[PDB]
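Asks: Got a file for you: upload-v8.pdb, PDB, N, CA and C atoms and all ligand atoms.
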ATOM      1  N   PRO T   1      56.604 -54.120  98.095
ATOM      2  CA  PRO T   1      57.858 -53.648  97.500
ATOM      3  C   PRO T   1      57.638 -53.022  96.133
ATOM      4  N   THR T   2      58.458 -52.017  95.832
ATOM      5  CA  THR T   2      58.419 -51.340  94.545
ATOM      6  C   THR T   2      59.659 -51.591  93.702
ATOM      7  N   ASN T   3      60.691 -52.207  94.269
ATOM      8  CA  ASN T   3      61.917 -52.516  93.552
ATOM      9  C   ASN T   3      62.381 -53.897  93.997
ATOM     10  N   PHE T   4      63.571 -54.287  93.552
ATOM     11  CA  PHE T   4      64.129 -55.576  93.933
ATOM     12  C   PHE T   4      65.642 -55.519  93.819
ATOM     13  N   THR T   5      66.291 -56.498  94.441
ATOM     14  CA  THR T   5      67.734 -56.661  94.367
ATOM     15  C   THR T   5      68.039 -58.093  93.959
ATOM     16  N   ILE T   6      68.791 -58.255  92.876
ATOM     17  CA  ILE T   6      69.274 -59.570  92.470
ATOM     18  C   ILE T   6      70.549 -59.848  93.259
ATOM     19  N   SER T   7      70.498 -60.841  94.138
ATOM     20  CA  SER T   7      71.584 -61.129  95.064
ATOM     21  C   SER T   7      72.216 -62.469  94.723
ATOM     22  N   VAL T   8      73.544 -62.493  94.655
ATOM     23  CA  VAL T   8      74.305 -63.721  94.473
ATOM     24  C   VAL T   8      75.160 -63.919  95.714
ATOM     25  N   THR T   9      74.970 -65.049  96.390
ATOM     26  CA  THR T   9      75.690 -65.357  97.613
ATOM     27  C   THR T   9      76.346 -66.724  97.483
ATOM     28  N   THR T  10      77.398 -66.928  98.266
ATOM     29  CA  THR T  10      78.162 -68.164  98.237
ATOM     30  C   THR T  10      77.769 -69.065  99.397
ATOM     31  N   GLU T  11      77.838 -70.370  99.152
ATOM     32  CA  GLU T  11      77.672 -71.373 100.197
ATOM     33  C   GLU T  11      78.753 -72.422 100.005
ATOM     34  N   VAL T  12      79.644 -72.542 100.982
ATOM     35  CA  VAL T  12      80.785 -73.445 100.904
ATOM     36  C   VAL T  12      80.432 -74.720 101.654
ATOM     37  N   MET T  13      80.478 -75.851 100.954
ATOM     38  CA  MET T  13      80.114 -77.144 101.525
ATOM     39  C   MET T  13      81.267 -78.114 101.314
ATOM     40  N   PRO T  14      81.820 -78.705 102.372
ATOM     41  CA  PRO T  14      82.789 -79.790 102.182
ATOM     42  C   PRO T  14      82.125 -81.015 101.575
ATOM     43  N   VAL T  15      82.870 -81.714 100.719
ATOM     44  CA  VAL T  15      82.371 -82.879  99.998
ATOM     45  C   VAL T  15      83.184 -84.127 100.325
ATOM     46  N   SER T  16      84.505 -84.030 100.241
ATOM     47  CA  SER T  16      85.387 -85.149 100.521
ATOM     48  C   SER T  16      86.534 -84.682 101.402
ATOM     49  N   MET T  17      87.137 -85.628 102.106
ATOM     50  CA  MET T  17      88.333 -85.354 102.884
ATOM     51  C   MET T  17      89.481 -86.206 102.343
ATOM     52  N   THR T  18      90.611 -86.162 103.040
ATOM     53  CA  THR T  18      91.815 -86.824 102.560
ATOM     54  C   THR T  18      91.697 -88.335 102.720
ATOM     55  N   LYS T  19      91.979 -89.063 101.643
ATOM     56  CA  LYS T  19      92.035 -90.516 101.697
ATOM     57  C   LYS T  19      93.399 -90.945 102.216
ATOM     58  N   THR T  20      93.407 -91.774 103.255
ATOM     59  CA  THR T  20      94.644 -92.163 103.912
ATOM     60  C   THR T  20      94.738 -93.677 104.014
ATOM     61  N   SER T  21      95.973 -94.167 104.030
ATOM     62  CA  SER T  21      96.273 -95.573 104.241
ATOM     63  C   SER T  21      97.431 -95.682 105.220
ATOM     64  N   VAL T  22      97.411 -96.731 106.035
ATOM     65  CA  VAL T  22      98.380 -96.916 107.107
ATOM     66  C   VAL T  22      99.061 -98.265 106.929
ATOM     67  N   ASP T  23     100.392 -98.254 106.885
ATOM     68  CA  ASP T  23     101.185 -99.474 106.969
ATOM     69  C   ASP T  23     101.519 -99.701 108.439
ATOM     70  N   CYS T  24     100.926-100.745 109.024
ATOM     71  CA  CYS T  24     101.086-101.010 110.452
ATOM     72  C   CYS T  24     102.517-101.364 110.823
ATOM     73  N   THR T  25     103.173-102.198 110.017
ATOM     74  CA  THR T  25     104.507-102.668 110.372
ATOM     75  C   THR T  25     105.528-101.539 110.336
ATOM     76  N   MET T  26     105.366-100.586 109.419
ATOM     77  CA  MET T  26     106.279 -99.452 109.371
ATOM     78  C   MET T  26     106.012 -98.450 110.487
ATOM     79  N   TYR T  27     104.756 -98.293 110.907
ATOM     80  CA  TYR T  27     104.451 -97.363 111.990
ATOM     81  C   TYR T  27     104.854 -97.932 113.344
ATOM     82  N   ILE T  28     104.339 -99.116 113.673
ATOM     83  CA  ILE T  28     104.554 -99.697 114.992
ATOM     84  C   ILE T  28     105.998-100.152 115.155
ATOM     85  N   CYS T  29     106.563-100.775 114.122
ATOM     86  CA  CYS T  29     107.826-101.480 114.255
ATOM     87  C   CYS T  29     108.965-100.914 113.426
ATOM     88  N   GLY T  30     108.683-100.108 112.408
ATOM     89  CA  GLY T  30     109.733 -99.588 111.557
ATOM     90  C   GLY T  30     110.406-100.659 110.725
ATOM     91  N   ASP T  31     111.724-100.792 110.870
ATOM     92  CA  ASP T  31     112.503-101.746 110.089
ATOM     93  C   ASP T  31     113.119-102.840 110.954
ATOM     94  N   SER T  32     112.602-103.053 112.159
ATOM     95  CA  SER T  32     113.130-104.061 113.069
ATOM     96  C   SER T  32     112.331-105.350 112.930
ATOM     97  N   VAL T  33     113.036-106.462 112.717
ATOM     98  CA  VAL T  33     112.361-107.736 112.485
ATOM     99  C   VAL T  33     111.841-108.370 113.769
ATOM    100  N   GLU T  34     112.398-108.013 114.931
ATOM    101  CA  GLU T  34     111.897-108.553 116.191
ATOM    102  C   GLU T  34     110.497-108.035 116.495
ATOM    103  N   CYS T  35     110.279-106.732 116.308
ATOM    104  CA  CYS T  35     108.943-106.176 116.480
ATOM    105  C   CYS T  35     107.987-106.716 115.426
ATOM    106  N   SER T  36     108.475-106.937 114.202
ATOM    107  CA  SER T  36     107.627-107.501 113.156
ATOM    108  C   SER T  36     107.205-108.925 113.492
ATOM    109  N   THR T  37     108.102-109.702 114.103
ATOM    110  CA  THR T  37     107.738-111.037 114.563
ATOM    111  C   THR T  37     106.731-110.973 115.705
ATOM    112  N   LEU T  38     106.932-110.050 116.650
ATOM    113  CA  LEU T  38     106.003-109.925 117.769
ATOM    114  C   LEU T  38     104.652-109.346 117.358
ATOM    115  N   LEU T  39     104.592-108.620 116.241
ATOM    116  CA  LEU T  39     103.360-108.006 115.761
ATOM    117  C   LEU T  39     102.420-108.999 115.091
ATOM    118  N   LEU T  40     102.869-110.233 114.848
ATOM    119  CA  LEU T  40     102.039-111.225 114.171
ATOM    120  C   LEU T  40     100.829-111.645 114.996
ATOM    121  N   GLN T  41     100.844-111.394 116.304
ATOM    122  CA  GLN T  41      99.683-111.641 117.145
ATOM    123  C   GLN T  41      98.632-110.544 117.040
ATOM    124  N   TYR T  42      98.920-109.454 116.326
ATOM    125  CA  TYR T  42      98.014-108.316 116.229
ATOM    126  C   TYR T  42      97.613-108.017 114.787
ATOM    127  N   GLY T  43      97.714-109.001 113.890
ATOM    128  CA  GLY T  43      97.432-108.751 112.485
ATOM    129  C   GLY T  43      95.968-108.498 112.183
ATOM    130  N   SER T  44      95.068-109.125 112.944
ATOM    131  CA  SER T  44      93.636-108.952 112.717
ATOM    132  C   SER T  44      93.198-107.520 113.001
ATOM    133  N   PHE T  45      93.765-106.905 114.042
ATOM    134  CA  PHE T  45      93.443-105.518 114.361
ATOM    135  C   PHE T  45      93.896-104.576 113.257
ATOM    136  N   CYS T  46      95.061-104.841 112.669
ATOM    137  CA  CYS T  46      95.555-103.983 111.600
ATOM    138  C   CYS T  46      94.766-104.180 110.313
ATOM    139  N   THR T  47      94.323-105.412 110.048
ATOM    140  CA  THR T  47      93.409-105.641 108.935
ATOM    141  C   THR T  47      92.095-104.896 109.148
ATOM    142  N   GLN T  48      91.613-104.858 110.394
ATOM    143  CA  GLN T  48      90.413-104.091 110.724
ATOM    144  C   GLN T  48      90.612-102.596 110.479
TER
ATOM    145  N   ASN Z   1     104.331-101.206 102.220
ATOM    146  CA  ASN Z   1     105.193-100.233 101.575
ATOM    147  C   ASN Z   1     106.484-100.904 101.116
ATOM    148  N   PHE Z   2     107.137-100.282 100.135
ATOM    149  CA  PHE Z   2     108.289-100.891  99.479
ATOM    150  C   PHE Z   2     109.451-101.018 100.457
ATOM    151  N   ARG Z   3     109.836-102.256 100.754
ATOM    152  CA  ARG Z   3     110.896-102.549 101.707
ATOM    153  C   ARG Z   3     112.215-102.765 100.984
ATOM    154  N   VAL Z   4     113.293-102.257 101.575
ATOM    155  CA  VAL Z   4     114.648-102.485 101.091
ATOM    156  C   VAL Z   4     115.417-103.191 102.197
ATOM    157  N   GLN Z   5     115.911-104.385 101.902
ATOM    158  CA  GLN Z   5     116.635-105.151 102.907
ATOM    159  C   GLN Z   5     118.068-104.640 103.032
ATOM    160  N   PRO Z   6     118.618-104.607 104.243
ATOM    161  CA  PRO Z   6     120.032-104.255 104.398
ATOM    162  C   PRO Z   6     120.938-105.341 103.848
ATOM    163  N   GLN Z   7     122.048-104.908 103.262
ATOM    164  CA  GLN Z   7     123.011-105.806 102.644
ATOM    165  C   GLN Z   7     124.341-105.859 103.377
ATOM    166  N   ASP Z   8     124.865-104.713 103.796
ATOM    167  CA  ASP Z   8     126.128-104.637 104.513
ATOM    168  C   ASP Z   8     125.888-104.317 105.982
ATOM    169  N   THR Z   9     126.958-104.420 106.762
ATOM    170  CA  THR Z   9     126.943-104.107 108.184
ATOM    171  C   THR Z   9     128.032-103.086 108.472
ATOM    172  N   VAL Z  10     127.658-101.993 109.127
ATOM    173  CA  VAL Z  10     128.581-100.919 109.470
ATOM    174  C   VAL Z  10     128.693-100.864 110.986
ATOM    175  N   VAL Z  11     129.902-101.058 111.500
ATOM    176  CA  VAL Z  11     130.179-100.922 112.923
ATOM    177  C   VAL Z  11     131.149 -99.766 113.092
ATOM    178  N   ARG Z  12     130.770 -98.791 113.915
ATOM    179  CA  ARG Z  12     131.592 -97.607 114.158
ATOM    180  C   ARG Z  12     131.696 -97.391 115.664
ATOM    181  N   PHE Z  13     132.849 -97.727 116.218
ATOM    182  CA  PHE Z  13     133.235 -97.499 117.597
ATOM    183  C   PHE Z  13     134.392 -96.509 117.639
ATOM    184  N   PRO Z  14     134.546 -95.740 118.720
ATOM    185  CA  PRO Z  14     135.749 -94.912 118.853
ATOM    186  C   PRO Z  14     136.984 -95.792 118.957
ATOM    187  N   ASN Z  15     138.086 -95.327 118.377
ATOM    188  CA  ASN Z  15     139.278 -96.162 118.290
ATOM    189  C   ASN Z  15     139.986 -96.158 119.638
ATOM    190  N   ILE Z  16     139.992 -97.311 120.300
ATOM    191  CA  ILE Z  16     140.602 -97.477 121.612
ATOM    192  C   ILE Z  16     141.662 -98.562 121.510
ATOM    193  N   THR Z  17     142.834 -98.300 122.084
ATOM    194  CA  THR Z  17     143.960 -99.219 122.011
ATOM    195  C   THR Z  17     144.291 -99.879 123.343
ATOM    196  N   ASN Z  18     143.570 -99.559 124.413
ATOM    197  CA  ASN Z  18     143.914-100.017 125.751
ATOM    198  C   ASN Z  18     142.816-100.904 126.317
ATOM    199  N   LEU Z  19     143.223-101.918 127.072
ATOM    200  CA  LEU Z  19     142.288-102.729 127.834
ATOM    201  C   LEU Z  19     141.943-102.034 129.144
ATOM    202  N   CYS Z  20     140.745-102.313 129.650
ATOM    203  CA  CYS Z  20     140.326-101.721 130.909
ATOM    204  C   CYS Z  20     141.101-102.336 132.071
ATOM    205  N   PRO Z  21     141.404-101.544 133.103
ATOM    206  CA  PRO Z  21     142.212-102.062 134.214
ATOM    207  C   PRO Z  21     141.458-103.059 135.078
ATOM    208  N   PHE Z  22     141.225-104.257 134.535
ATOM    209  CA  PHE Z  22     140.556-105.304 135.297
ATOM    210  C   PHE Z  22     141.424-105.779 136.453
ATOM    211  N   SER Z  23     142.736-105.883 136.231
ATOM    212  CA  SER Z  23     143.635-106.308 137.297
ATOM    213  C   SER Z  23     143.805-105.231 138.359
ATOM    214  N   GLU Z  24     143.626-103.962 137.997
ATOM    215  CA  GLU Z  24     143.770-102.894 138.978
ATOM    216  C   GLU Z  24     142.572-102.800 139.912
ATOM    217  N   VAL Z  25     141.369-103.114 139.428
ATOM    218  CA  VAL Z  25     140.171-102.975 140.247
ATOM    219  C   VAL Z  25     139.662-104.303 140.802
ATOM    220  N   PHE Z  26     140.091-105.436 140.246
ATOM    221  CA  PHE Z  26     139.681-106.742 140.739
ATOM    222  C   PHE Z  26     140.786-107.483 141.468
ATOM    223  N   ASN Z  27     142.047-107.176 141.173
ATOM    224  CA  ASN Z  27     143.189-107.820 141.804
ATOM    225  C   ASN Z  27     144.030-106.819 142.586
ATOM    226  N   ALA Z  28     143.393-105.779 143.117
ATOM    227  CA  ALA Z  28     144.097-104.818 143.951
ATOM    228  C   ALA Z  28     144.498-105.459 145.274
ATOM    229  N   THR Z  29     145.633-105.005 145.811
ATOM    230  CA  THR Z  29     146.133-105.560 147.065
ATOM    231  C   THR Z  29     145.220-105.213 148.233
ATOM    232  N   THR Z  30     144.735-103.978 148.286
ATOM    233  CA  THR Z  30     143.877-103.517 149.367
ATOM    234  C   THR Z  30     142.555-103.019 148.805
ATOM    235  N   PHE Z  31     141.483-103.263 149.551
ATOM    236  CA  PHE Z  31     140.163-102.753 149.228
ATOM    237  C   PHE Z  31     139.714-101.803 150.328
ATOM    238  N   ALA Z  32     138.928-100.804 149.946
ATOM    239  CA  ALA Z  32     138.461 -99.814 150.901
ATOM    240  C   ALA Z  32     137.380-100.394 151.806
ATOM    241  N   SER Z  33     137.197 -99.754 152.957
ATOM    242  CA  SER Z  33     136.057-100.062 153.803
ATOM    243  C   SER Z  33     134.773 -99.569 153.142
ATOM    244  N   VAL Z  34     133.652-100.181 153.528
ATOM    245  CA  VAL Z  34     132.386 -99.883 152.865
ATOM    246  C   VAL Z  34     131.902 -98.470 153.196
ATOM    247  N   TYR Z  35     132.190 -97.968 154.401
ATOM    248  CA  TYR Z  35     131.824 -96.593 154.723
ATOM    249  C   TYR Z  35     132.690 -95.583 153.983
ATOM    250  N   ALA Z  36     133.890 -95.980 153.565
ATOM    251  CA  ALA Z  36     134.799 -95.104 152.841
ATOM    252  C   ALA Z  36     135.086 -95.693 151.467
ATOM    253  N   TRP Z  37     134.027 -96.104 150.770
ATOM    254  CA  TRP Z  37     134.159 -96.839 149.517
ATOM    255  C   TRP Z  37     134.849 -96.001 148.447
ATOM    256  N   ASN Z  38     135.781 -96.632 147.741
ATOM    257  CA  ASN Z  38     136.590 -95.961 146.737
ATOM    258  C   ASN Z  38     135.880 -95.975 145.391
ATOM    259  N   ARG Z  39     135.905 -94.837 144.706
ATOM    260  CA  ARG Z  39     135.361 -94.709 143.362
ATOM    261  C   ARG Z  39     136.493 -94.419 142.390
ATOM    262  N   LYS Z  40     136.565 -95.199 141.316
ATOM    263  CA  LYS Z  40     137.612 -95.066 140.314
ATOM    264  C   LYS Z  40     136.991 -94.702 138.975
ATOM    265  N   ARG Z  41     137.534 -93.672 138.334
ATOM    266  CA  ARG Z  41     137.059 -93.255 137.022
ATOM    267  C   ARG Z  41     137.627 -94.174 135.949
ATOM    268  N   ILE Z  42     136.760 -94.639 135.056
ATOM    269  CA  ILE Z  42     137.126 -95.573 133.998
ATOM    270  C   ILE Z  42     136.858 -94.893 132.663
ATOM    271  N   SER Z  43     137.900 -94.745 131.848
ATOM    272  CA  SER Z  43     137.759 -94.057 130.572
ATOM    273  C   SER Z  43     138.837 -94.531 129.610
ATOM    274  N   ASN Z  44     138.514 -94.455 128.314
ATOM    275  CA  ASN Z  44     139.432 -94.730 127.203
ATOM    276  C   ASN Z  44     140.016 -96.141 127.285
ATOM    277  N   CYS Z  45     139.125 -97.128 127.352
ATOM    278  CA  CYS Z  45     139.566 -98.504 127.501
ATOM    279  C   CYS Z  45     138.542 -99.446 126.885
ATOM    280  N   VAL Z  46     138.991-100.664 126.596
ATOM    281  CA  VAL Z  46     138.167-101.690 125.964
ATOM    282  C   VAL Z  46     137.720-102.674 127.035
ATOM    283  N   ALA Z  47     136.404-102.829 127.189
ATOM    284  CA  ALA Z  47     135.834-103.679 128.234
ATOM    285  C   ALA Z  47     135.634-105.082 127.673
ATOM    286  N   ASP Z  48     136.739-105.826 127.604
ATOM    287  CA  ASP Z  48     136.685-107.180 127.061
ATOM    288  C   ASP Z  48     136.029-108.142 128.043
TER
HETATM  289  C1  LIG T 101     146.828-110.915 141.612
HETATM  290  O1  LIG T 101     148.016-110.522 142.260
HETATM  291  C2  LIG T 101     148.718-111.581 142.894
HETATM  292  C3  LIG T 101     149.885-110.984 143.651
HETATM  293  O2  LIG T 101     150.763-110.353 142.749
HETATM  294  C4  LIG T 101     149.120-112.646 141.859
HETATM  295  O3  LIG T 101     149.660-113.792 142.477
HETATM  296  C5  LIG T 101     150.922-114.109 141.853
HETATM  297  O4  LIG T 101     150.721-114.848 140.668
HETATM  298  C6  LIG T 101     151.905-115.158 139.958
HETATM  299  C7  LIG T 101     151.521-115.733 138.613
HETATM  300  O5  LIG T 101     150.719-116.876 138.796
HETATM  301  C8  LIG T 101     152.763-116.094 140.819
HETATM  302  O6  LIG T 101     154.003-116.372 140.209
HETATM  303  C9  LIG T 101     153.053-115.424 142.160
HETATM  304  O7  LIG T 101     153.708-116.291 143.046
HETATM  305  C10 LIG T 101     151.765-114.941 142.836
HETATM  306  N1  LIG T 101     152.030-114.232 144.067
HETATM  307  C11 LIG T 101     152.703-113.074 144.253
HETATM  308  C12 LIG T 101     152.778-112.633 145.694
HETATM  309  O8  LIG T 101     153.227-112.403 143.373
HETATM  310  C13 LIG T 101     147.889-113.081 141.061
HETATM  311  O9  LIG T 101     148.202-113.946 140.003
HETATM  312  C14 LIG T 101     147.204-111.856 140.465
HETATM  313  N2  LIG T 101     146.055-112.190 139.669
HETATM  314  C15 LIG T 101     145.813-111.638 138.466
HETATM  315  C16 LIG T 101     144.557-112.105 137.779
HETATM  316  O10 LIG T 101     146.546-110.808 137.948
HETATM  317  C1  LIG T 102      65.513 -49.791  91.547
HETATM  318  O1  LIG T 102      66.839 -49.628  92.001
HETATM  319  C2  LIG T 102      67.794 -49.417  90.978
HETATM  320  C3  LIG T 102      69.175 -49.465  91.593
HETATM  321  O2  LIG T 102      69.329 -50.660  92.320
HETATM  322  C4  LIG T 102      67.477 -48.099  90.263
HETATM  323  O3  LIG T 102      68.330 -47.879  89.164
HETATM  324  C5  LIG T 102      66.048 -48.152  89.728
HETATM  325  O4  LIG T 102      65.651 -46.925  89.177
HETATM  326  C6  LIG T 102      65.059 -48.509  90.836
HETATM  327  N1  LIG T 102      63.727 -48.660  90.308
HETATM  328  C7  LIG T 102      62.613 -48.048  90.759
HETATM  329  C8  LIG T 102      62.784 -47.114  91.934
HETATM  330  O5  LIG T 102      61.513 -48.225  90.259
END
For this file, produce the structure as structure tokens.
Replies:
Amino acid sequence: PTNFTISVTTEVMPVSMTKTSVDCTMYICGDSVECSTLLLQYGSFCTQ
Amino acid sequence: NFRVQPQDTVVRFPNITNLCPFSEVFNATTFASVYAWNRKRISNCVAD
């Protein structure tokens, strides 16, 4: 080569995504106390 | 998540002033044959 080109190029890399949290009783049962009572057998799964 | 407990109770039914014809359909003098069974429309009444 007898010449050169100074090249600037971009590289887009994801780093983080959206941090999310889930309230199980509001999703599964909403505001009903009967479903909230029945959901007490599934608390370990929601903690997981 | 932040829960708000209900305090009052709201009941909203359409305003009906008539009882349902229980005596007309249960204490009728004659009943239809099963092959020619009678159908009666029931509307605008309170099913006590
Ligand atoms: C169904 O209809 C019959 C016939 O109308 C009613 O029997 C009458 O009942 C009254 C009130 O007890 C008596 O005074 C009469 O003697 C009965 N017989 C007749 C021929 O009128 C019966 O009570 C009715 N049942 C209902 C729930 O309304
Ligand atoms: C190299 O290229 C540049 C343009 O990119 C030009 O101005 C320069 O004269 C060249 N150099 C050489 C041919 O030696």
Asks: Can you list, as a list in words, all residues belonging to chain T that DSSP tags as helix (DSSP H, G or I)?
Replies: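 Those residues are residues 24, 25, 26, 27, 28, 29, 33, 34, 35, 36, 37, 38, 39, 40, 41, 42, 43, 44, 45, 46 and 47 of chain T.
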Asks: Quote the spacing between atom CA of residue 47 of chain Z and atom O9 of ligand LIG 101 (chain T) in Å to one decimal place.
Replies: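 Computing the Euclidean distance for atom CA of residue 47 of chain Z and atom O9 of ligand LIG 101 (chain T) yields 19.9 Å.
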Asks: Would you mind telling me which residue in T:18, T:30, T:5, T:13 lies nearest to chain Z when using only C-alpha atoms?
Replies: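 Comparing T:18, T:30, T:5, T:13 against chain Z, the winner is T:30.
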Asks: Which residue out of T:32, T:9, T:42, T:3 has the minimum interatomic distance to ligand LIG 102 (chain T) when only C-alpha atoms and all ligand atoms are used?
Replies: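 Once distances to ligand LIG 102 (chain T) are computed over only C-alpha atoms and all ligand atoms, the minimum belongs to T:3.
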Asks: Please evaluate the PyMOL selection byres ((chain T and not hetatm) within 8 of (chain Z)) against the structure above and give the resulting residues as a PyMOL selection string.
Replies: chain T and resi 22-26
Asks: Got a sec: who's within 8 Å of residue 44 of chain Z, counting only C-alpha atoms, leaving out chain neighbours fewer than 5 positions off, as number ranges by chain?
Replies: Z: 16, 18, 20
Asks: Give me, please, the distance in Å between atom CA of residue 1 of chain T and atom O1 of ligand LIG 102 (chain T), quoted to one decimal.
Replies: 11.3 Å
Asks: Where atoms are missing, can you supply N, CA, C and O atoms for segment 4-22 of chain Z and output the lot as an mmCIF file, in the coordinates of the input?
Replies:
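Just written: part01.cif:
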data_model
loop_
_atom_site.group_PDB
_atom_site.id
_atom_site.type_symbol
_atom_site.label_atom_id
_atom_site.label_comp_id
_atom_site.auth_asym_id
_atom_site.auth_seq_id
_atom_site.Cartn_x
_atom_site.Cartn_y
_atom_site.Cartn_z
ATOM 1 N N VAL Z 4 113.293 -102.257 101.575
ATOM 2 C CA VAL Z 4 114.648 -102.485 101.091
ATOM 3 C C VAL Z 4 115.417 -103.191 102.197
ATOM 4 O O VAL Z 4 115.552 -102.657 103.304
ATOM 5 N N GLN Z 5 115.911 -104.385 101.902
ATOM 6 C CA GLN Z 5 116.635 -105.151 102.907
ATOM 7 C C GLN Z 5 118.068 -104.640 103.032
ATOM 8 O O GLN Z 5 118.681 -104.258 102.032
ATOM 9 N N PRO Z 6 118.618 -104.607 104.243
ATOM 10 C CA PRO Z 6 120.032 -104.255 104.398
ATOM 11 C C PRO Z 6 120.938 -105.341 103.848
ATOM 12 O O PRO Z 6 120.653 -106.536 103.948
ATOM 13 N N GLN Z 7 122.048 -104.908 103.262
ATOM 14 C CA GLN Z 7 123.011 -105.806 102.644
ATOM 15 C C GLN Z 7 124.341 -105.859 103.377
ATOM 16 O O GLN Z 7 124.891 -106.943 103.570
ATOM 17 N N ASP Z 8 124.865 -104.713 103.796
ATOM 18 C CA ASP Z 8 126.128 -104.637 104.513
ATOM 19 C C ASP Z 8 125.888 -104.317 105.982
ATOM 20 O O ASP Z 8 124.775 -103.989 106.403
ATOM 21 N N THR Z 9 126.958 -104.420 106.762
ATOM 22 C CA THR Z 9 126.943 -104.107 108.184
ATOM 23 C C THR Z 9 128.032 -103.086 108.472
ATOM 24 O O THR Z 9 129.192 -103.290 108.100
ATOM 25 N N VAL Z 10 127.658 -101.993 109.127
ATOM 26 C CA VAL Z 10 128.581 -100.919 109.470
ATOM 27 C C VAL Z 10 128.693 -100.864 110.986
ATOM 28 O O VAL Z 10 127.695 -100.651 111.682
ATOM 29 N N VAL Z 11 129.902 -101.058 111.500
ATOM 30 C CA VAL Z 11 130.179 -100.922 112.923
ATOM 31 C C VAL Z 11 131.149 -99.766 113.092
ATOM 32 O O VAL Z 11 132.213 -99.747 112.465
ATOM 33 N N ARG Z 12 130.770 -98.791 113.915
ATOM 34 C CA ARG Z 12 131.592 -97.607 114.158
ATOM 35 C C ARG Z 12 131.696 -97.391 115.664
ATOM 36 O O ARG Z 12 130.745 -96.934 116.303
ATOM 37 N N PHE Z 13 132.849 -97.727 116.218
ATOM 38 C CA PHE Z 13 133.235 -97.499 117.597
ATOM 39 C C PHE Z 13 134.392 -96.509 117.639
ATOM 40 O O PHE Z 13 135.145 -96.402 116.666
ATOM 41 N N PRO Z 14 134.546 -95.740 118.720
ATOM 42 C CA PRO Z 14 135.749 -94.912 118.853
ATOM 43 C C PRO Z 14 136.984 -95.792 118.957
ATOM 44 O O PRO Z 14 136.940 -96.881 119.531
ATOM 45 N N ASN Z 15 138.086 -95.327 118.377
ATOM 46 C CA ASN Z 15 139.278 -96.162 118.290
ATOM 47 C C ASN Z 15 139.986 -96.158 119.638
ATOM 48 O O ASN Z 15 140.506 -95.130 120.080
ATOM 49 N N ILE Z 16 139.992 -97.311 120.300
ATOM 50 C CA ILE Z 16 140.602 -97.477 121.612
ATOM 51 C C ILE Z 16 141.662 -98.562 121.510
ATOM 52 O O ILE Z 16 141.417 -99.621 120.921
ATOM 53 N N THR Z 17 142.834 -98.300 122.084
ATOM 54 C CA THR Z 17 143.960 -99.219 122.011
ATOM 55 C C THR Z 17 144.291 -99.879 123.343
ATOM 56 O O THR Z 17 145.216 -100.696 123.395
ATOM 57 N N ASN Z 18 143.570 -99.559 124.413
ATOM 58 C CA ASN Z 18 143.914 -100.017 125.751
ATOM 59 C C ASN Z 18 142.816 -100.904 126.317
ATOM 60 O O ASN Z 18 141.629 -100.674 126.070
ATOM 61 N N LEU Z 19 143.223 -101.918 127.072
ATOM 62 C CA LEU Z 19 142.288 -102.729 127.834
ATOM 63 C C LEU Z 19 141.943 -102.034 129.144
ATOM 64 O O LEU Z 19 142.733 -101.253 129.683
ATOM 65 N N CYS Z 20 140.745 -102.313 129.650
ATOM 66 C CA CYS Z 20 140.326 -101.721 130.909
ATOM 67 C C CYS Z 20 141.101 -102.336 132.071
ATOM 68 O O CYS Z 20 141.446 -103.520 132.041
ATOM 69 N N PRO Z 21 141.404 -101.544 133.103
ATOM 70 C CA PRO Z 21 142.212 -102.062 134.214
ATOM 71 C C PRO Z 21 141.458 -103.059 135.078
ATOM 72 O O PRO Z 21 141.084 -102.752 136.213
ATOM 73 N N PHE Z 22 141.225 -104.257 134.535
ATOM 74 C CA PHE Z 22 140.556 -105.304 135.297
ATOM 75 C C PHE Z 22 141.424 -105.779 136.453
ATOM 76 O O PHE Z 22 140.917 -106.048 137.547
#
